[PDB]
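Trainee: Just data26.cif, nothing more (mmCIF, C-alpha atoms):
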```cif
data_structure
#
loop_
_atom_site.label_atom_id
_atom_site.label_comp_id
_atom_site.auth_asym_id
_atom_site.auth_seq_id
_atom_site.Cartn_x
_atom_site.Cartn_y
_atom_site.Cartn_z
CA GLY Z 1 16.23 35.79 -124.99
CA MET Z 2 19.67 37.46 -124.69
CA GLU Z 3 21.46 37.27 -128.07
CA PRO Z 4 24.47 38.85 -129.86
CA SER Z 5 23.51 42.31 -131.23
CA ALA Z 6 22.92 41.98 -135.01
CA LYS Z 7 23.96 45.65 -135.29
CA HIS Z 8 27.38 45.03 -133.65
CA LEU Z 9 27.93 41.76 -135.62
CA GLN Z 10 27.18 43.45 -138.98
CA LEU Z 11 29.84 46.06 -138.29
CA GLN Z 12 32.45 43.31 -137.61
CA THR Z 13 31.38 41.66 -140.92
CA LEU Z 14 31.83 44.94 -142.87
CA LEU Z 15 35.34 45.47 -141.36
CA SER Z 16 36.21 41.94 -142.61
CA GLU Z 17 34.65 42.27 -146.04
CA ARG Z 18 36.39 45.61 -146.52
CA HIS Z 19 39.77 44.08 -145.72
CA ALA Z 20 39.22 41.13 -148.07
CA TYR Z 21 38.17 43.64 -150.80
CA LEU Z 22 41.30 45.81 -150.23
CA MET Z 23 43.72 42.83 -150.36
CA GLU Z 24 41.94 41.55 -153.46
CA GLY Z 25 41.33 44.88 -155.28
CA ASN Z 26 37.58 44.18 -155.50
CA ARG Z 27 36.28 47.55 -156.79
CA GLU Z 28 32.62 46.46 -157.33
CA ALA Z 29 32.32 44.98 -153.79
CA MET Z 30 34.22 47.90 -152.13
CA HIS Z 31 31.99 50.60 -153.77
CA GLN Z 32 28.96 48.81 -152.24
CA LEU Z 33 30.37 49.39 -148.74
CA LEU Z 34 30.86 53.19 -149.27
CA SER Z 35 28.33 55.84 -148.14
CA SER Z 36 27.12 58.16 -150.90
CA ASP Z 37 29.01 61.16 -149.39
CA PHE Z 38 32.09 59.01 -148.58
CA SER Z 39 35.43 60.71 -148.04
CA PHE Z 40 38.93 59.52 -147.25
CA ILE Z 41 41.81 61.69 -145.99
CA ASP Z 42 45.32 60.24 -146.48
CA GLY Z 43 48.32 60.96 -144.24
CA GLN Z 44 49.31 64.07 -146.30
CA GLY Z 45 45.75 65.44 -145.91
CA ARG Z 46 44.66 64.77 -149.48
CA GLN Z 47 40.90 64.17 -149.83
CA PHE Z 48 39.41 61.37 -151.95
CA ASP Z 49 35.74 60.74 -152.86
CA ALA Z 50 34.35 57.19 -153.54
CA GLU Z 51 35.55 57.19 -157.19
CA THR Z 52 39.13 58.53 -156.62
CA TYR Z 53 39.63 56.46 -153.40
CA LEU Z 54 38.82 53.35 -155.43
CA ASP Z 55 41.18 54.42 -158.29
CA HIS Z 56 44.16 54.88 -155.94
CA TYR Z 57 43.70 52.19 -153.29
CA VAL Z 58 41.41 49.56 -154.91
CA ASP Z 59 42.35 49.01 -158.59
CA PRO Z 60 44.75 46.08 -159.12
CA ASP Z 61 46.33 47.60 -162.28
CA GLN Z 62 47.84 50.41 -160.11
CA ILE Z 63 48.09 49.03 -156.54
CA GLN Z 64 48.68 45.44 -155.32
CA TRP Z 65 48.27 44.95 -151.55
CA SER Z 66 50.25 42.29 -149.67
CA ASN Z 67 48.95 43.24 -146.20
CA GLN Z 68 47.27 45.64 -143.77
CA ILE Z 69 48.24 44.51 -140.24
CA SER Z 70 45.86 45.79 -137.56
CA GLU Z 71 48.16 46.30 -134.54
CA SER Z 72 45.45 47.78 -132.39
CA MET Z 73 41.78 48.85 -132.48
CA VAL Z 74 38.97 50.49 -130.49
CA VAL Z 75 35.33 50.34 -131.71
CA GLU Z 76 32.53 52.50 -130.21
CA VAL Z 77 28.99 52.02 -131.53
CA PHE Z 78 26.50 54.85 -131.03
CA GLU Z 79 22.86 54.95 -132.23
CA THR Z 80 23.34 55.81 -135.96
CA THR Z 81 27.15 55.87 -136.21
CA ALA Z 82 30.23 53.92 -135.12
CA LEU Z 83 33.72 55.35 -134.53
CA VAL Z 84 36.72 53.07 -135.10
CA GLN Z 85 40.33 53.89 -134.10
CA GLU Z 86 43.09 51.72 -135.46
CA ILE Z 87 46.87 51.54 -135.76
CA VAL Z 88 47.60 49.92 -139.17
CA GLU Z 89 50.77 48.87 -140.93
CA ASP Z 90 50.17 49.02 -144.70
CA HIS Z 91 52.24 46.95 -147.18
CA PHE Z 92 51.66 47.41 -150.94
CA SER Z 93 53.26 47.61 -154.40
CA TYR Z 94 52.78 50.64 -156.65
CA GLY Z 95 54.65 50.60 -159.95
CA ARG Z 96 56.79 47.46 -159.21
CA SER Z 97 58.32 49.13 -156.06
CA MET Z 98 57.11 47.99 -152.61
CA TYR Z 99 56.10 50.40 -149.82
CA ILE Z 100 55.55 50.19 -146.01
CA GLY Z 101 53.86 52.80 -143.83
CA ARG Z 102 52.24 52.93 -140.41
CA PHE Z 103 49.25 55.10 -139.49
CA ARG Z 104 46.93 56.06 -136.72
CA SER Z 105 43.53 56.00 -138.40
CA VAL Z 106 39.96 57.04 -137.51
CA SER Z 107 36.79 56.01 -139.37
CA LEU Z 108 33.09 56.60 -139.07
CA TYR Z 109 30.41 54.16 -140.20
CA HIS Z 110 26.78 55.13 -140.77
CA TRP Z 111 23.91 52.77 -139.88
CA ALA Z 112 20.86 53.43 -142.11
CA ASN Z 113 18.19 51.13 -143.53
CA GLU Z 114 19.33 48.22 -141.31
CA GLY Z 115 22.84 48.24 -142.85
CA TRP Z 116 26.25 49.82 -142.22
CA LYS Z 117 28.31 51.83 -144.66
CA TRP Z 118 31.86 53.25 -144.44
CA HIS Z 119 31.41 57.03 -144.44
CA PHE Z 120 34.68 58.71 -143.41
CA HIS Z 121 38.34 57.77 -142.99
CA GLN Z 122 41.44 59.76 -142.01
CA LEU Z 123 45.13 58.82 -141.69
CA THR Z 124 47.84 60.34 -139.48
CA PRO Z 125 51.37 59.04 -140.27
CA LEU Z 126 53.37 57.21 -137.58
CA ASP Z 127 57.08 56.34 -137.56
CA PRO Z 128 58.14 52.89 -139.01
CA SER Z 129 58.60 49.78 -136.73
CA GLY S 1 5.93 76.30 -135.54
CA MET S 2 9.15 75.87 -137.57
CA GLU S 3 12.14 76.95 -135.43
CA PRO S 4 15.97 76.65 -135.41
CA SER S 5 17.00 73.21 -134.07
CA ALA S 6 18.19 73.64 -130.44
CA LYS S 7 20.41 70.59 -131.01
CA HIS S 8 22.23 72.18 -134.00
CA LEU S 9 22.49 75.60 -132.24
CA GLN S 10 24.03 74.07 -129.09
CA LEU S 11 26.76 72.46 -131.17
CA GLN S 12 27.63 75.86 -132.77
CA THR S 13 27.76 77.33 -129.20
CA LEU S 14 30.16 74.58 -128.00
CA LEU S 15 32.49 75.15 -131.02
CA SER S 16 32.59 78.86 -130.03
CA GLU S 17 33.04 78.32 -126.30
CA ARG S 18 35.82 75.83 -126.99
CA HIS S 19 37.68 78.33 -129.16
CA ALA S 20 37.33 81.12 -126.57
CA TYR S 21 38.61 78.64 -123.90
CA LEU S 22 41.63 77.62 -126.07
CA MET S 23 42.66 81.25 -126.83
CA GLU S 24 42.23 82.12 -123.16
CA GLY S 25 43.72 78.95 -121.57
CA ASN S 26 40.53 78.36 -119.55
CA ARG S 27 41.22 74.87 -118.10
CA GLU S 28 38.12 74.70 -115.81
CA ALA S 29 35.71 75.67 -118.65
CA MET S 30 37.47 73.44 -121.26
CA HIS S 31 37.34 70.29 -119.00
CA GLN S 32 33.54 70.81 -118.76
CA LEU S 33 33.24 70.44 -122.55
CA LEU S 34 35.17 67.09 -122.64
CA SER S 35 33.48 63.65 -122.68
CA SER S 36 34.58 61.31 -119.89
CA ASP S 37 36.43 59.01 -122.37
CA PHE S 38 37.83 62.00 -124.35
CA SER S 39 40.86 61.48 -126.54
CA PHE S 40 42.94 63.71 -128.78
CA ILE S 41 45.43 62.54 -131.43
CA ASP S 42 48.03 65.14 -132.52
CA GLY S 43 49.66 65.28 -135.97
CA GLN S 44 52.49 62.89 -134.90
CA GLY S 45 49.87 60.36 -133.69
CA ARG S 46 50.44 60.94 -129.98
CA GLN S 47 47.34 60.25 -127.85
CA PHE S 48 46.18 62.56 -125.04
CA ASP S 49 43.40 61.99 -122.46
CA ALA S 50 41.39 64.90 -120.89
CA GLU S 51 44.08 65.63 -118.26
CA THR S 52 47.18 65.53 -120.56
CA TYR S 53 45.37 67.37 -123.44
CA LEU S 54 44.62 70.18 -121.00
CA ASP S 55 48.25 70.23 -119.69
CA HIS S 56 49.73 70.60 -123.20
CA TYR S 57 47.19 72.73 -125.08
CA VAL S 58 45.20 74.56 -122.34
CA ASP S 59 47.51 75.72 -119.50
CA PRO S 60 48.71 79.32 -119.91
CA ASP S 61 52.01 78.71 -118.02
CA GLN S 62 53.17 76.39 -120.88
CA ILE S 63 51.23 77.46 -124.01
CA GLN S 64 49.91 80.92 -125.04
CA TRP S 65 47.64 80.91 -128.12
CA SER S 66 47.47 83.91 -130.47
CA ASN S 67 45.09 82.27 -132.99
CA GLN S 68 43.39 79.24 -134.54
CA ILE S 69 42.14 80.31 -137.99
CA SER S 70 39.37 78.07 -139.34
CA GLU S 71 39.99 78.11 -143.12
CA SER S 72 37.28 75.62 -143.86
CA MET S 73 34.69 73.38 -142.15
CA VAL S 74 32.02 70.71 -142.71
CA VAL S 75 29.58 69.73 -139.92
CA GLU S 76 27.33 66.62 -140.10
CA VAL S 77 24.90 65.99 -137.24
CA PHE S 78 23.60 62.45 -136.75
CA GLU S 79 21.23 61.23 -133.99
CA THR S 80 23.67 60.91 -131.02
CA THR S 81 26.91 62.18 -132.60
CA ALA S 82 28.25 64.94 -134.84
CA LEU S 83 31.30 64.74 -137.12
CA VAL S 84 33.24 67.94 -137.83
CA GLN S 85 35.98 68.31 -140.48
CA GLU S 86 38.14 71.40 -140.40
CA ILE S 87 41.30 72.87 -141.90
CA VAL S 88 42.95 74.93 -139.11
CA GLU S 89 46.00 77.15 -138.97
CA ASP S 90 47.34 77.14 -135.38
CA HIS S 91 49.49 79.99 -134.00
CA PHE S 92 50.94 79.70 -130.47
CA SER S 93 53.94 80.35 -128.20
CA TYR S 94 55.64 77.55 -126.26
CA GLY S 95 58.71 78.52 -124.24
CA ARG S 96 59.04 82.11 -125.63
CA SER S 97 59.36 80.79 -129.26
CA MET S 98 56.37 81.15 -131.62
CA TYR S 99 55.05 78.30 -133.80
CA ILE S 100 52.73 77.98 -136.87
CA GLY S 101 51.22 74.77 -138.22
CA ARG S 102 48.33 73.80 -140.46
CA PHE S 103 46.20 70.67 -140.06
CA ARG S 104 43.33 68.74 -141.49
CA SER S 105 41.33 67.79 -138.40
CA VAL S 106 38.35 65.54 -137.59
CA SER S 107 36.30 65.59 -134.38
CA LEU S 108 33.34 63.75 -132.95
CA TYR S 109 30.87 65.23 -130.49
CA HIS S 110 28.50 63.15 -128.36
CA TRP S 111 24.95 64.30 -127.58
CA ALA S 112 23.75 62.85 -124.24
CA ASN S 113 21.45 64.22 -121.53
CA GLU S 114 20.35 67.13 -123.76
CA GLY S 115 23.95 68.44 -124.07
CA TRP S 116 26.96 68.06 -126.37
CA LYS S 117 30.47 67.10 -125.37
CA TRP S 118 33.74 66.94 -127.36
CA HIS S 119 34.65 63.25 -127.49
CA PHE S 120 37.40 62.70 -130.08
CA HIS S 121 39.86 64.79 -132.08
CA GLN S 122 42.60 63.89 -134.58
CA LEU S 123 45.14 65.99 -136.52
CA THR S 124 46.82 65.29 -139.86
CA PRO S 125 49.63 67.77 -140.72
CA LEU S 126 49.36 69.92 -143.86
CA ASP S 127 52.09 72.00 -145.55
CA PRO S 128 52.46 75.71 -144.47
CA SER S 129 50.71 78.58 -146.42
#
```
Would you write the structure of this file as C-alpha cells?

Mentor:
Amino acid sequence: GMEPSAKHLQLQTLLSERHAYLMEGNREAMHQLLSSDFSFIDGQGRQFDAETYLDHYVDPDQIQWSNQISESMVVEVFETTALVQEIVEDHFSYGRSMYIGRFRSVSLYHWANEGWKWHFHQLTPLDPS
Amino acid sequence: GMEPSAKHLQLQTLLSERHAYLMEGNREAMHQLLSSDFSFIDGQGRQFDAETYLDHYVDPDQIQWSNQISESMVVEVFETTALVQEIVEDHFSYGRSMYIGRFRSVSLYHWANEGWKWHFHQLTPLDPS
C-alpha cells in the first residue's frame, strides 16, 4: 500500500516546471505557479510582486536566461508549507551584456486546494566561483 | 466564545522573548527558543547552527547589543509554520568597536507540541539610513 507521497512529488514537479519557465521566459505558465500574495526579494533587498517579478526575470524582450545551476539544495515539507534552501549560480543576458551571480536563496511554497504555489523567495549574494 | 488565538499570541511572545534575550546575551534562554535543526544565514551567506549562532550573536564576552530596531514587519501564520519578514537596523559592539547594519530578513517558526520554535533565519544586506 506504501507509495510515493503525491504531495512531495508535486513539489518536485513545480520546481522543474518553474525552471523550464525561467529558462524559456514563459510568463503565462510562470504566473500560474505564483501565489496571489507572492513576493520576491532580490540580493539588494528590492521587493517584487507577481507582476514586477515577471517583468524583470521572466519576459524574453528584457532578460534571456542561459542557465541557473543548482549547486546545492535542502527541501523541508511541513503540513501546509514547504521551505527550500538553495545555492544557485545565475547566468543571463540583459541588454546584450551577459551577467553571472551566485546566491544563497530561501523560498516558501504554499499547499492549498491539493496544489502547490510559489509564495515567497529571497536572495542573499555570495562571492563568484 | 470568540477569543484571541493562543497560537498567534504565543508567536508574539516568542518574538519578544527572543529580542530581550538578544539584547541581554541570554544564551540559556535563547537556545530554548531554537528548533533542533535550526539554521541562520547572515548577510554574506554564512550558515550557523544553534551552537555557532549563539557563539557569534548571543555571548556577551564577544558581542554586546545596544539595539535591534524593527522598522517594518509582516507575519503570516500557516498551520504548522509561520513566516516573518522584517526590516531591521542592528546596533552592536564587537571588540570595543561599534557597528551598524540594516537588513531585510526572513524567518520561519515551527509549531509543534503546542509551542513555537525559531527554525530558520536569513539576512539580505540593505544600504545604511

Trainee: Residues near residue Z:33, anyone? I mean within 12 Å using all atoms listed in the file, not counting same-chain ones fewer than 6 positions away, as JSON, numbers by chain.

Mentor: {"Z": [10, 11, 13, 14, 15, 16, 17, 18, 19, 21, 22, 26, 27, 50, 54, 109, 110, 111, 115, 116, 117, 118, 119, 120]}

Trainee: Generate a file of the selected residues that holds C-alpha atoms, formatted as a compact mmCIF listing (two decimals), in the frame of the given file.

Mentor:
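Printed below is result.txt as written:
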```txt
# COMPACT_ATOMS: atom_id res chain seq x y z
CA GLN Z 10 27.18 43.45 -138.98
CA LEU Z 11 29.84 46.06 -138.29
CA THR Z 13 31.38 41.66 -140.92
CA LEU Z 14 31.83 44.94 -142.87
CA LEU Z 15 35.34 45.47 -141.36
CA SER Z 16 36.21 41.94 -142.61
CA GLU Z 17 34.65 42.27 -146.04
CA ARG Z 18 36.39 45.61 -146.52
CA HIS Z 19 39.77 44.08 -145.72
CA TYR Z 21 38.17 43.64 -150.80
CA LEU Z 22 41.30 45.81 -150.23
CA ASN Z 26 37.58 44.18 -155.50
CA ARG Z 27 36.28 47.55 -156.79
CA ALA Z 50 34.35 57.19 -153.54
CA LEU Z 54 38.82 53.35 -155.43
CA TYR Z 109 30.41 54.16 -140.20
CA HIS Z 110 26.78 55.13 -140.77
CA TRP Z 111 23.91 52.77 -139.88
CA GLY Z 115 22.84 48.24 -142.85
CA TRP Z 116 26.25 49.82 -142.22
CA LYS Z 117 28.31 51.83 -144.66
CA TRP Z 118 31.86 53.25 -144.44
CA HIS Z 119 31.41 57.03 -144.44
CA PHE Z 120 34.68 58.71 -143.41
```

Trainee: How many Å separate atom CA of residue Z:79 from atom CA of residue S:105?

Mentor: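 These atoms are spaced 23.3 Å apart.
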
Trainee: For the point (40.5, 46.4, -158.5) in the file's frame, write as a count of residues only all residues with an atom no more than 10 Å away, counting all atoms listed in the file.

Mentor: 21

Trainee: Spell out the residues picked by the PyMOL selection byres ((chain S) within 8 of (chain Z)) here, as a list in words.

Mentor: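 After applying the PyMOL selection byres ((chain S) within 8 of (chain Z)), what remains is residues 43, 44, 45, 78, 79, 80, 81, 103, 104, 106, 122, 123, 124, 125 and 126 of chain S.
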
Trainee: Keeping C-alpha atoms for every residue in the selection just given, could you write it to a file as a JSON list (two decimals), in the coordinates of the input?

Mentor:
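Contents of the output file again-v5.json:
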```json
[["chain", "number", "residue", "atom", "x", "y", "z"],
["S", 43, "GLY", "CA", 49.66, 65.28, -135.97],
["S", 44, "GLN", "CA", 52.49, 62.89, -134.90],
["S", 45, "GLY", "CA", 49.87, 60.36, -133.69],
["S", 78, "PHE", "CA", 23.60, 62.45, -136.75],
["S", 79, "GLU", "CA", 21.23, 61.23, -133.99],
["S", 80, "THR", "CA", 23.67, 60.91, -131.02],
["S", 81, "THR", "CA", 26.91, 62.18, -132.60],
["S", 103, "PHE", "CA", 46.20, 70.67, -140.06],
["S", 104, "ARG", "CA", 43.33, 68.74, -141.49],
["S", 106, "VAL", "CA", 38.35, 65.54, -137.59],
["S", 122, "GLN", "CA", 42.60, 63.89, -134.58],
["S", 123, "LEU", "CA", 45.14, 65.99, -136.52],
["S", 124, "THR", "CA", 46.82, 65.29, -139.86],
["S", 125, "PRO", "CA", 49.63, 67.77, -140.72],
["S", 126, "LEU", "CA", 49.36, 69.92, -143.86]]
```

Trainee: Starting from the shown file, work through the PyMOL selection byres ((chain Z and resi 128) around 9) and note down what comes out as a list in words.

Mentor: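 For this structure, the PyMOL selection byres ((chain Z and resi 128) around 9) resolves to residues 89, 100, 101, 102, 126, 127 and 129 of chain Z.
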
Trainee: Work out how far apart atom CA of residue Z:68 and atom CA of residue Z:39 are and give it in Å to one decimal.

Mentor: 19.6 Å

Trainee: Quick one, how far is atom CA of residue S:94 from atom CA of residue S:73?

Mentor: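 A separation of 26.6 Å between them.
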
Trainee: Tell me which residues the PyMOL selection byres ((chain S and resi 69) around 7) grabs here, as a PyMOL selection string.

Mentor: chain S and resi 67-68+70-71+88-90
